[PDB]
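Both counts, for ligands and for their atoms, begin at 1 and track the order of listing. What's counted below: heavy atoms across the whole structure, side chains too, no hydrogens, waters or symmetry copies. Just so we're on the same page: letters track the sequence lines, and every chain starts at 1.
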Amino acid sequence: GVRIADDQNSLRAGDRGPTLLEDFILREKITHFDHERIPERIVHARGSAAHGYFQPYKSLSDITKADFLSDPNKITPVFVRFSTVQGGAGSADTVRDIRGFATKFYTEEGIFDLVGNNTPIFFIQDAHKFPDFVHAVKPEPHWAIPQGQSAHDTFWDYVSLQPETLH
Amino acid sequence: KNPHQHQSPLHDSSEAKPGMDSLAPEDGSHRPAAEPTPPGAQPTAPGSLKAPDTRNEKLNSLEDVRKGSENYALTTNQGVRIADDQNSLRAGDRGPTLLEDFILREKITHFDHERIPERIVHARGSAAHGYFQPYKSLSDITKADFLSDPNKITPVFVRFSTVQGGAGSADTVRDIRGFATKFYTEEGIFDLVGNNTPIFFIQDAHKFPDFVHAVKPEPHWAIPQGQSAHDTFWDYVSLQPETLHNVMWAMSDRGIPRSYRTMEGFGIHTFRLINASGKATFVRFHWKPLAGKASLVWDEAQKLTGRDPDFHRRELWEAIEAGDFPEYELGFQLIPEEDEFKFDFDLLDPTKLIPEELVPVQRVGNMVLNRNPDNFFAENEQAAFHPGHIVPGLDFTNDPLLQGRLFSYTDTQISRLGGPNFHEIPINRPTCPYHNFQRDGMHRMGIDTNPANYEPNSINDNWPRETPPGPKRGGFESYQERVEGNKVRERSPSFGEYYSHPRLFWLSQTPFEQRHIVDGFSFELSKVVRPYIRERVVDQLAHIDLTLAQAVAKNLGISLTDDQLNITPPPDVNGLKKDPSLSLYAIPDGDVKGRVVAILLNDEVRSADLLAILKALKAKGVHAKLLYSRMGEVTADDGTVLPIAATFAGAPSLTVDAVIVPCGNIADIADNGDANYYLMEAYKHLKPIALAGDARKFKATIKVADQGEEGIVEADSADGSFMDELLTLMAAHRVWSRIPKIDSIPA
Amino acid sequence: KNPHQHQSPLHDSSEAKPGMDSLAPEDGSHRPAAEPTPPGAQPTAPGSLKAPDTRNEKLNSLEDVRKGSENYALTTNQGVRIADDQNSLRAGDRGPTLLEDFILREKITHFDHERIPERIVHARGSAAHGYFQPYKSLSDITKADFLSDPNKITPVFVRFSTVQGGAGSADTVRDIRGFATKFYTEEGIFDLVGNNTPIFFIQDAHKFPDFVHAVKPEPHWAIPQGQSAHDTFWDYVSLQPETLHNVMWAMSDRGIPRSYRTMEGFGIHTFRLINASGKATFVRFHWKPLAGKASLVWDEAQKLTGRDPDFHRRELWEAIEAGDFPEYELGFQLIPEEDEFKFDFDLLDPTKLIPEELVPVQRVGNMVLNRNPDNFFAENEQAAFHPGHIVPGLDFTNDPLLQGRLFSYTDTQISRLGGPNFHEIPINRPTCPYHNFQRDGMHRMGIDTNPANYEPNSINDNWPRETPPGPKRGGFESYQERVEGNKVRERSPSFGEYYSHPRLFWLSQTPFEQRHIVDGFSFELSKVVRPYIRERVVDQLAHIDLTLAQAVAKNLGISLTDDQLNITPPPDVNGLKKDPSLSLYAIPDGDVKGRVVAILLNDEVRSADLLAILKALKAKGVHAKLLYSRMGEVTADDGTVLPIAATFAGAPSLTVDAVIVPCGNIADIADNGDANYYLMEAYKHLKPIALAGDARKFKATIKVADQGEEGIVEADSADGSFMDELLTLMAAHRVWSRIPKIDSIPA
Amino acid sequence: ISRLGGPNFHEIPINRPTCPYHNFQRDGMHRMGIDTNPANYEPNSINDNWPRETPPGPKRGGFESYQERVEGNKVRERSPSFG
Ligand code: HDD
Ligand code: HDD
Ligand code: HDD
Ligand SMILES: [Mg+2]
Ligand SMILES: [Mg+2]
């Protein structure tokens with residue numbers, strides 16, 4: 001909360017002198033900058049999000065006691081993030097990939113996250129294989145190529161050996 | 001007892017099922033009263049529940065993040081109501097736990113990650129909220145807003161600490177104490193991050209990891225905790241005589257304060273005050289305790305780390321719950337710029353003090369600590385204090401210890417508090433506006449709407465904007481000190497004097513304080529395994545004072561050489577041999593309010609004695625603990641039912657300031673080893689003892705003759721005179737005249 | 001003394017300059033001997049320096065990361081030689097510190113980030129290296145490779161711990177102790193993560209954060225450290241009778257062991273052994289101490305947390321330096337699958353023990369701890385133990401406490417050790433091969449060359465590859481237990497019995513052990529502020545045993561109701577009323593080797609007495625500390641110069657097993673308060689005392705009549721019979737017969 | 001400190017010097033080096049003050065900064081020569 005008088009210059013001993021360790025304003029600003037980045041998502045790192053709302057057409061109380069589906073008078077705020085899968089946060093949007101479609105419903109009885117994709121099936125059957133599949137589609141570990149693409153040897157190696165992936 | 005036969009509501013497998021529902025006792029005895037109450041009268045509680053009426057702008061600003069509990073459903077962190085918080089989900093009631101139990105995994109995950117790194121130093125500490133107010137405007141010497149107006153109230157948060165030990169170490173160790181104050185001013189947070197002695201051990205921050213490593217537990221085996229009494233510490237001291245001044249303070253009773261309420265605070269470094277006209281005045285900061293200065297004695301302090309390792313934390317909390325608020329006067333030693341070189345010592349040397357005889361401490365304002373936190377972890381553990389947090393009207397100096405500190409306290413928070421957004425943790429938030437172009441970082445709370453995250457910008461008309469310096473509400477600008485020199489890693493020759501300040505300190509102590517310093521060195525050096533290290537430290541003491549050095553050497557079985565006996569004493573400090581302000585006790589100060597007396601009961605107490613005792617203590621704000629050989633109640637001679645606070649063993653004499661034994665059925669306790677020992681321990685530790693009627697028979701256990709002695713109050717009954725005498729002794733803290741008598745007491 | 005007048009090499013500003021160069025004493029007395037030496041003889045040292053010839057495959061594998069020091073230049077972490085490690089770079093020698101000082105900033109940065117989160121529980125602990133060997137092949141019952149061959153040596157790393165307190169808390173608290181063993185087997189790391197009692201407090205892991213929060217310091221004020229003696233713990237216990245069994249163990253002297261060498265260890269849970277034919281046998285794991293079972297008494301333990309909070313850490317380290325290696329026999333209680341429902345208690349219930357009278361502990365192998373670490377932080381603090389770390393030949397059961405543990409110990413390391421590569425921290429590394437397709441993560445050390453990071457793969461011919469299960473060197477496959485049940489959050493009704501095991505434990509104790517349990521409950525409950533909680537706990541005790549409940553109630557001033565007096569006792573455990581294996585002392589065990597005796601010196605000791613004493617102690621492997629009123633040396637009647645280990649106050653009786661006073665000039669110490677108190681404290685704590693010649697005059701201070709008493713050894717001189725008598729007393733640990741006499745002793 | 005998880009980033013294999021490195025720094029997240037020095041501070045006598053400072057010199061000497069003359073007031077100010 002300390003007002004800054006000069007946000008253009010470091011504190012130095014003379015205007016052509018060394019920068020002083022006692023410049024706390026510089027160090028705070030640079031420290032914050034130096035630690036801006038957090039780890040990206042292991043998968044679906046590239047994504048775009050918006051706020052909105054959901055409303056049911058009629059009460060579904062006959063089949064579910066979920067409060068957000070209990071009456072068309074329930075307006076539930078949502079936050080939705082769409083994504084690719086393979087590429088980093090700085091990768092491109094219009095790649096060939098599966099897309100994520102994740103919806104956070106802020107209900108009166110808790111958060112419900114519907115975490116889906118844009119196709120009705122997945123590549124693999126058992127979660128134990130997820131790191132194998134993801135490693136195969138991701139950039140290859142020696143050289144970290146290619147970004148945002150399944151068009152490389154390791155992906156098609158895995159697919160060829162795991163026919164469950166074909167769908 | 002009709003009302004004291006509570007049975008548990010759970011004797012069967014209902015204990016393993018949901019729906020245990022209401023479990024509080026019907027009599028409401030689970031709930032502490034939300035009013036001031038003396039120590040031990042009620043269970044302690046979060047501050048906002050104990051003292052909701054006690055408010056300040058910072059406390060009020062925390063309401064957004066306070067979480068209640070009463071009448072709420074138990075939920076996951078996502079807001080899902082939990083039906084059964086007693087069991088994991090399994091395939092059959094004797095089956096394996098299922099991975100789909102998200103309730104279990106959330107609860108265990110949070111548990112698994114509760115701990116954060118402790119502070120590298122000062123990990124052990126205790127904190128409270130309060131406020132500060134200046135006595136008058138200091139605008140003639142500083143433009144600091146919080147010092148500009150006597151009606152301006154500044155909330156504070158204060159953390160007191162030890163230095164060496166971990167967060168789980170003991171309170172009453174021999175150590176330096178930290179005294180850190182966060183001022184939530186209208187022009188920014190100002191952190192005054194001080195200690196309870198006026199100097200530090202080292203001169204240049206470059207040595208801090210060396211010094212700290214030397215005092216900390218040794219790296220092979222991580223021993224010893226909370227103690228400087230080991231080889232590496234004294235090795236470093238013996239090889240770095242610059243340390244001797246603060247070592248003298250640590251070996252004195254300054255190293256073992258009675259309470260955080262009864263110690264001084266110091267900023268140590270020379271800083272600058274800058275006024276609206278741009279004039280700089282050198283300043284050193286002081287905190288003077290309203291309760292006066294008071295310390296334990298070593299045997300007591302050490303044993304108390306065992307009997308109650310939380311003694312100072314507890315006493316602070318309970319004083320505040322009692323309405324007995326810690327108070328400290330802020331004081332400034334002020335030195336004009338033109339006087340920089342008028343002293344024998346360098347003003348920039350943090351191993352040198354400025355004697356009050358040369359530069360008086362001018363009273364500036366008062367700070368009162370009046371509310372405990374709600375959650376220790378959230379408010380105390382996560383609090384971040386840093387001396388680089390200054391405000392317009394203050395500035396630094398080239399003190400080379402201070403200079404390096406400015407780097408460390410920002411840096412360390414990145415691991416300790418998990419990233420660069422530590423100012424967003426509620427306790428650390430300013431109460432004044434804060435806006436800038438900084439973005440992102442782990443656990444970013446603030447959601448910025450500025451179209452621009454840079455300046456200069458046109459797209460937001462260059463907001464937020466720089467503010468020119470000025471008399472009030474202006475931007476921060478450094479004082480334009482002239483710097484002339486070559487780039488060097490070099491200590492100033494003016495710093496190269498190590499013995500005169502230790503000698504000044506030594507000569508300012510009373511004879512009993514000197515004895516305690518001798519005994520501090522002797523005890524610690526006896527735990528040093530390598531004898532040559534002991535000998536090298538004794539050699540350093542001979543450069544300070546020969547009487548000191550000879551007394552320590554005698555206790556270590558060391559003989560000084562003829563050359564050591566002829567070492568020329570160091571010079572005076574600007575003509576001073578001594579300064580009585582450096583003694584804890586030379587000049588009487590403070591008062592008995594908030595002290596505590598043990599009252600040793602028997603099974604038929606003389607109620608007239610007890611009434612007189614309690615009335616007199618209450619009138620002076622002194623607390624009492626009624627002790628016996630068991631808990632529950634005893635009944636006095638007149639039928640008064642007396643509730644017992646603790647047993648003799650449960651609340652030893654270590655925990656009180658004085659002991660009183662009323663009359664009654666003294667035969668009940670006369671042969672009780674614990675009751676006799678209670679008195680022997682208090683006697684050894686120089687505490688006032690008062691004995692009424694047949695309780696005078698206890699004089700035999702403390703080897704006091706029929707004629708009595710100073711420090712033992714006695715009479716036929718407690719109706720004197722008796723209580724005035726006892727309270728007068730308490731005002732003097734301890735019975736120093738008794739010291740020659742204690743060597744023969746087996747306690 | 002000619003050779004004991006070492007002076008410091010630094011009295012001037014050379015201390016603030018580079019080139020201090022060699023500072024060790026010319027006599028080489030800084031360096032400990034690299035050979036076994038008794039406690040206190042030499043300074044302690046890193047294990048590889050103290051005992052370089054003590055080796056095992058794990059210790060040898062750490063050589064790649066061990067860093068030396070002698071004859072090396074001081075550098076930055078980038079390998080740049082430092083010229084001046086005393087000063088920061090400044091513009092002039094009284095100027096501001098410069099940002100370009102990269103040496104300062106690197107050194108301070110590293111310092112600023114030294115601390116990592118402590119363990120959520122068991123934060124306080126002490127560790128050593130050693131090895132394990134089985135007595136015979138167990139291939140008939142398990143295919144576990146480390147149990148397959150008596151000549152197969154498995155390196156281990158063992159960490160002992162308390163539970164509640166922080167890393168900086170005290171050793172000799174009343175608490176459960178952890179006993180965690182990392183076995184570096186040829187087929188993977190197996191961690192046996194146990195405690196020193198055979199059961200836990202709770203049944204289902206879902207409650208672990210509740211229980212732990214209740215026992216830990218209370219969240220408002222973070223008090224008390226290292227203690228269960230507070231309201232929230234006893235609140236939880238009173239409402240969760242499942243806790244009562246382990247509470248009984250904690251309130252017994254089991255809660256205050258003499259040493260980590262003198263306690264038992266238990267896996268607690270029922271696990272499975274799986275043989276090559278696929279047969280499962282239920283197993284519970286035991287460690288039996290070669291040194292026998294032995295505990296402190298409460299007053300002693302509590303005071304020792306003050307006098308030496310590092311007592312157990314110290315004793316472990318020093319035993320190993322002496323060549324007095326901690327040894328433990330591994331034992332198995334084995335139950336066939338078809339006997340799962342044979343007992344009154346559910347085998348899957350971790351609040352129930354399996355009595356050795358019903359299922360004997362079969363000896364399986366021996367573990368010896370024979371080397372200390374080099375660096376406490378690197379090896380002890382960063383070690384990660386986890387009970388999910390099993391190997392082929394072992395498997396789990398559905399114990400619902402164990403089941404949840406399996407989640408926690410992997411999860412918690414992500415914050416504590418900074419990410420998923422914690423197995424790459426040297427102490428945690430397997431010594432057998434480890435290869436897989438896992439990649440990256442913070443601080444990744446291993447550089448993978450596999451073209452593939454997935455399987456199945458063709459590009460590396462599918463390596464590394466799965467291994468089928470088999471008799472030896474096969475893949476891990478779970479035992480195909482049949483699971484039949486609905487998905488429920490529900491405790492098994494078979495677990496809903498809470499009082500019979502507490503009663504079995506109670507009835508198995510000696511009368512003095514029962515007294516100590518009563519006094520444990522009484523002391524702890526006296527510190528509970530809310531009286532109804534005390535009453536509710538007493539009510540629970542009345543469901544266990546009325547004698548226990550009445551004794552505790554009496555100490556609390558509580559009156560049991562007529563209904564409480566008529567509570568039906570719980571049933572026997574499969575016909576057992578008691579089992580003497582549950583007592584510390586009922587069946588004599590162990591050995592005086594490694595115990596320690598205080599010898600109280602005077603200024604002209606009778607050398608004949610001292611020589612006889614020391615020779616007899618040495619013959620039985622018992623250590624001695626020579627104590628006096630000062631440090632240095634005294635000279636015996638025959639001119640023998642005797643070095644003093646510590647003062648009476650510096651090494652109190654708390655720290656030793658027995659006290660011996662030889663003759664000589666007894667007048668020198670007869671009126672010394674500290675020497676008299678030494679004997680009183682030892683007397684109170686039931687320790688053997690031996691008095692030779694005029695030292696028998698000390699009987700007066702302990703109120704022992706001329707005719708003597710059992711537990712006080714006395715004679716004209718320290719003859720053969722004298723030392724035999726003393727050593728016989730030491731073999732029985734304490735003088736329990738003295739208990740009625742101690743209430744009158746003021747100590 | 002955030003990117004590489006703490007102060008021991010020089011111990012990540014690619015970052016390690018190939019020349020000797022020894023000092024009194026200890027601990028920190030993912031500490032790989034196991035120090036055997038009895039001392040973790042200097043000056044020390046217990047390890048005869050090793051590892052030791054090295055004076056500057058023509059080869060294999062300690063780092064010393066060039067003693068540039070600094071003369072000026074403490075200012076947040078761009079040099080006019082840069083304008
Ligand atoms: C066993 C691991 C695993 C498996 C089998 C899957 N995922 Fe996943 N998924 C993750 C592990 C994961 C994750 C590592 O936990 C991520 C990345 C970081 C995060 O927050 O969650 C994630 C992120 C993630 C996101 C991005 C959410 C966001 O915008 O933040 C979407 C839309 C999905 N996943 C969707 C799926 C679908 C539709 C799957 C199969 C039907 C699926 N995932 C299988
Ligand atoms: C170069 C480093 C360095 C030096 C020379 C000092 N300190 Fe410091 N101090 C730290 C580095 C540090 C730190 C590592 O940055 C700590 C621990 C974690 C934290 O938040 O600050 C710290 C904590 C700390 C605390 C605890 C604040 C709290 O309660 O959270 C106090 C009171 C002080 N120090 C006081 C001093 C005084 C009076 C010093 C000399 C006059 C001093 N320190 C020198
Ligand atoms: C569901 C959580 C949970 C439950 C029910 C338990 N523990 Fe645990 N224990 C942990 C969660 C945990 C932990 C949080 O994962 C710790 C602390 C940090 C660590 O590495 O593991 C741990 C540490 C820990 C240690 C210290 C290991 C070391 O020295 O580093 C020991 C000896 C035990 N535990 C023993 C037990 C025993 C004998 C239990 C019951 C029979 C038990 N724990 C139940
Ligand atoms: Mg009612
Ligand atoms: Mg080379």
**OP:** Could you tell me whether atom 42 (C) of ligand 1 has a protein heavy atom closer than 4.0 Å?
**Re:** no
**OP:** Could you tell me which atoms of ligand 1, counted from 1 in the order shown, lie closer than 4.0 angstrom to a heavy atom of A/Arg41?
**Re:** 18 (C), 28 (C), 30 (O)
**OP:** May I ask whether atom 8 (Fe) of ligand 1 is less than 4.0 Å from at least one protein heavy atom?
**Re:** no
Subject >> Ligand-residue contact atoms, ligand 1 with A/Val115, heavy atoms, under 4.0 Å >> reply: 31 (C), 32 (C), 33 (C), 35 (C), 38 (C)
Original post:
Is there a protein heavy atom less than 4.0 Å away from atom 31 (C) of ligand 1?
Top reply: yes
Original post:
Of the non-hydrogen atoms in A/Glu140 and A/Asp153, which two are nearest, and what is the gap between them?
Top reply: OE2-N, 3.5 Å
**OP:** Please indicate, with yes or no, if any protein heavy atom is found under 4.0 Å from atom 20 (O) of ligand 1?
**Re:** no
Original post:
Is it the case that B/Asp27 and B/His6 place a side-chain donor and acceptor less than 3.5 Å from each other?
Top reply: yes
Original post:
ligand 1 and A/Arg81, any nitrogen or oxygen pair closer than 3.5 angstrom?
Top reply: yes
Original post:
Against heavy atoms of A/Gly100, which atoms of ligand 1 measure under 4.0 Å?
Top reply: 32 (C)
Original post:
Considering all heavy atoms of both residues, which atom of A/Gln147 and which atom of A/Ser91 are nearest to each other, and what is their separation?
Top reply: CG-CB, 4.1 Å
**OP:** For residues C/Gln403 and B/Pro96, determine if any side-chain heavy atom of one lies less than 4.5 Å from a side-chain heavy atom of the other.
**Re:** yes
Original post:
Considering distance alone, does some N or O of A/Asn117 sit under 3.5 Å from an N or O of ligand 1?
Top reply: no
Subject >> Interfacing atoms of ligand 1 (cut-off 4.0 Å, heavy-atom, A/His44) >> reply: 23 (C), 24 (C), 25 (C), 26 (C), 31 (C), 32 (C), 33 (C), 34 (N), 35 (C)
**OP:** State whether C/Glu424 and C/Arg444 are salt-bridged, where the test is any N-O pair (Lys NZ or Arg NE/NH1/NH2 against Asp/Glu carboxylate O) under 4.0 Å.
**Re:** yes
Subject >> Identity and distance of the protein heavy atom lying nearest atom 13 (C) of ligand 1 >> reply: A/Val43 CG2, 4.4 Å
Original post:
With a 4.5 Å heavy-atom cut-off, do B/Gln7 and C/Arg536 have their side chains touching?
Top reply: no
Original post:
Which atoms form the tightest heavy-atom contact between A/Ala92 and A/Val95, and what is the distance?
Top reply: O-CG1, 3.5 Å
**OP:** Among all protein heavy atoms, pick out the one at the shortest distance from atom 27 (C) of ligand 1; state its residue, atom name and that distance to 0.1 Å.
**Re:** A/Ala102 CB, 4.0 Å
Original post:
Is a side-chain donor-acceptor pair under 3.5 Å present for A/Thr154 with A/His152?
Top reply: yes
Subject >> Residue-ligand contact A/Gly47/ligand 1, heavy atom below 4.0 Å >> reply: no
Original post:
Among A/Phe130, A/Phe133, A/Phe101, which one has a heavy atom closest to atom 44 (C) of ligand 1?
Top reply: A/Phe130
Subject >> Parallel, tilted or perpendicular, as decided by the 30° and 60° cut-offs, for the rings of A/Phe105 and A/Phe68 >> reply: tilted
Subject >> Interfacing atoms of ligand 1 (cut-off 4.0 Å, heavy-atom, A/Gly116) >> reply: 32 (C), 38 (C)
Original post:
Which class fits the ring pair A/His51 and A/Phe79: parallel under 30°, tilted 30 to 60°, perpendicular over 60°?
Top reply: tilted
